[PDB]
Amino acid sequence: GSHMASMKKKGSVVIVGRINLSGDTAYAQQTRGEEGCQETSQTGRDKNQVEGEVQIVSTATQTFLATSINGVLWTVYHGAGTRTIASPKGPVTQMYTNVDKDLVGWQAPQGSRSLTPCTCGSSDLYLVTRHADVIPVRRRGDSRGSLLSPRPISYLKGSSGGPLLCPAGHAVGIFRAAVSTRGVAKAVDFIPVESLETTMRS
């Protein structure tokens, strides 16, 4: 048995900022501080204005990214689990949940902008990090790419859920993991956008 009246619920994912890609300069903006984030995770009620394609999101313990593509805000299952997302009307249930693809999605928040899936086939990609770095990545397979300049894995911590973009700024994938050797990220693993598209098709 167990005492049911004291069973807690997991909080909602909370949008706490965005990676601004609108101008000629990429930069992170914070829209909610830590105390606000904790409260909003509990209530699931977030009245803040949302803008942009890449959101900075937080659970109780971690901060990472979520990316809007085709009207859905996507992130990684290993980060978000089955959590609701906070919104002006209260918690919003996931529209997509797929542990096998490591993928979740919610209806894109009002005010957000969506990326469109890449159709050009380019293997020259750009990873947008949680600190608003735009890192060149050569595509190496369906779900892998190599960093042109390897980095300590710390550099990529917090970027799970962010986008890989083609040269024209279309979505190629969702970053999920670094391939590391002795703490150095030489490559990345991502969820291909075609996998999101199939998820949306049925």
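Counting begins at 1, following the sequence as shown.
Between 134-142 and 65-73 (mean CA B-factor, as deposited), the higher: Mean B over CA atoms: larger for 134-142.
Looking at the deposited entry, does 74-82 or 114-122 carry the larger mean Cα B-factor? The stretch with the larger average C-alpha B-factor is 114-122.
Maximum C-alpha temperature factor, selected from 173, 52, 150, 161: If I rank 173, 52, 150, 161 by C-alpha B-factor, first place goes to 150.
Selection from 26, 57, 165, 177 [criterion: highest C-alpha temperature factor in the record]: That would be 26, according to the entry.
Using only modelled residues of the chain, where does the Cα B factor of residue 40 rank: lowest third, middle third or highest third? Middle third - that is where residue 40 ends up once the chain's C-alpha B-factors are sorted.
Among all modelled residues of this chain, ranked by Cα B factor, put residue 21 in the bottom, middle or top third, i.e. lowest, middle or highest. It belongs to the highest third of the chain when residues are ordered by C-alpha B-factor.
Position of residue 184 among the chain's modelled residues by C-alpha B-factor, lowest, middle or highest third: For residue 184, whose C-alpha B-factor we compare with every modelled residue in the chain, the answer is the highest third.
Modelled-residue ranking by C-alpha temperature factor, third containing residue 31: Ranked within chain, residue 31 CA B lands in the middle tercile.
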